[PDB]
Ligand SMILES: CC[C@H](C)[C@H]1O[C@]2(CC[C@@H]1C)C[C@@H]1C[C@@H](C/C=C(\C)[C@@H](O[C@H]3C[C@H](OC)[C@@H](O[C@H]4C[C@H](OC)[C@@H](O)[C@H](C)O4)[C@H](C)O3)[C@@H](C)/C=C/C=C3\CO[C@@H]4[C@H](O)C(C)=C[C@@H](C(=O)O1)[C@]34O)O2
Ligand SMILES: *[C@@H]1O[C@H](CO)[C@@H](O)[C@H](O)[C@H]1NC(C)=O
Ligand SMILES: CCCCCCCCCCC
Ligand SMILES: CCCCCCCC
Ligand SMILES: [Cl-]
């Protein structure tokens, strides 16, 4: 939608950095699902509780990292 | 070139295009500019997002073969999105 109202240029816009980043946070979410689900069904309880550990870490790491991103992003382009 | 964001005016030429018509032979000049299409846009709006789309269809190879609902959801959504993008 946003990109349709713009002319094709030869440089990277700050709008691109922001869409691209959010895109990644969602892409890594999916990646996490696969990682968790994969080491989950593995027979041994060794991997199973690791699977659980990945969720616990994600539930906090993602938000923290996304907040860190915002801080860097806005200080870089809000100036 | 600054008022021409989408292309890059790489080369220009100055030539003659005199031709013989039914009403006579008419003298004619012809200037020619060569426009190279800027790639940055197509990299970001077409190529990158398609790779990112194909790569997603692969993360379903790591889901247990028992949970097919997850695989179809991925493979189909990425395929549908692919269509939209091309449209
Ligand atoms: C990295 C691609 C893979 C597929 C990853 O994609 C995702 C996640 C999954 C993969 C890991 C999603 C993807 C973004 C990337 C992350 C990319 C960035 C945060 C930025 O870009 C990087 C790489 C880029 O160089 C490819 C680099 O530019 C350099 C090198 C170039 O020369 C190779 C040169 O030309 C250039 C001048 O300087 C840049 C500095 O930094 C950011 C710019 C990317 C934005 C991407 C998009 C913005 O709107 C697009 C659209 O709305 C859409 C439908 C999808 C988005 C997307 O495709 O989102 C999108 O196309 O991650
Ligand atoms: C521009 O650049 C190249 C190099 O000389 C040449 O082959 C081409 O014909 C030129 N194009 C125009 C439109 O002048
Ligand atoms: C010890 C686990 C703590 C998990 C907290 C998750 C909070 C997420 C809030 C995101 C807005
Ligand atoms: C600028 C890219 C940030 C990606 C963060 C992903 C965290 C899961
Ligand atoms: Cl759906």
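Do we find a residue being in a helix (DSSP H, G or I), within 28 Å of residue B:39 (Cβ to Cβ) and free of Cβ contacts under 8 Å to residues at least 40 places away in the same chain anywhere in the stretch A:34-51? Quick ask: steps written out before the conclusion?
The first filter runs over the stretch A:34-51 and keeps only residues in a helix (DSSP H, G or I), leaving A:34-41, A:45-51.
From what's left, within 28 Å of residue B:39 (Cβ to Cβ): none.
So far as the stretch A:34-51 goes, no, none of its residues is in a helix (DSSP H, G or I), within 28 Å of residue B:39 (Cβ to Cβ) and free of Cβ contacts under 8 Å to residues at least 40 places away in the same chain.
Condition first: within 16 Å of ligand 3 (Cβ to nearest atom) and within 14 Å of chain B (Cβ to nearest Cβ). Now tell me which residues in the stretch A:26-66 satisfy that. Don't jump to the end; show me each part of the working.
As a first pass, look at the stretch A:26-66 and keep what is within 16 Å of ligand 3 (Cβ to nearest atom): A:26, A:28-29, A:32, A:36, A:49-66.
A:26, A:28, A:29, A:32, A:36, A:51, A:54, listed by residue number.
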Considering (1) in a helix (DSSP H, G or I); (2) touching a helix residue (DSSP H, G or I) at 6+ places or on another chain (Cβ under 8 Å); (3) within 14 Å of chain A (Cβ to nearest Cβ), say which one residue B:62 fails and leave the rest. (1)
Inside the stretch B:28-50, can you point out the residues that are in a loop (DSSP other than H, G, I, E, B) and within 15 Å of the chain's Cα centre (by Cα)? B:38, B:39
From the set of residues in the stretch A:4-25 that are part of a helix (DSSP H, G or I) and over 21 Å from the mean Cα position of the chain (by Cα), which is farthest from the other protein chains (Cβ to nearest Cβ)? A:5
If residue B:5 passes every condition in (1) within 16 Å of ligand 1 (Cβ to nearest atom); (2) outside any helix (DSSP H, G or I); (3) closer than 30 Å to residue A:29 by Cβ but one, which one does it miss? (3)
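FYI the Cβ positions are ideal-geometry reconstructions off the backbone, even for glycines, and counts take in every protein chain you see. Values in this text are rule-based calculations from the coordinates and carry no lab data.
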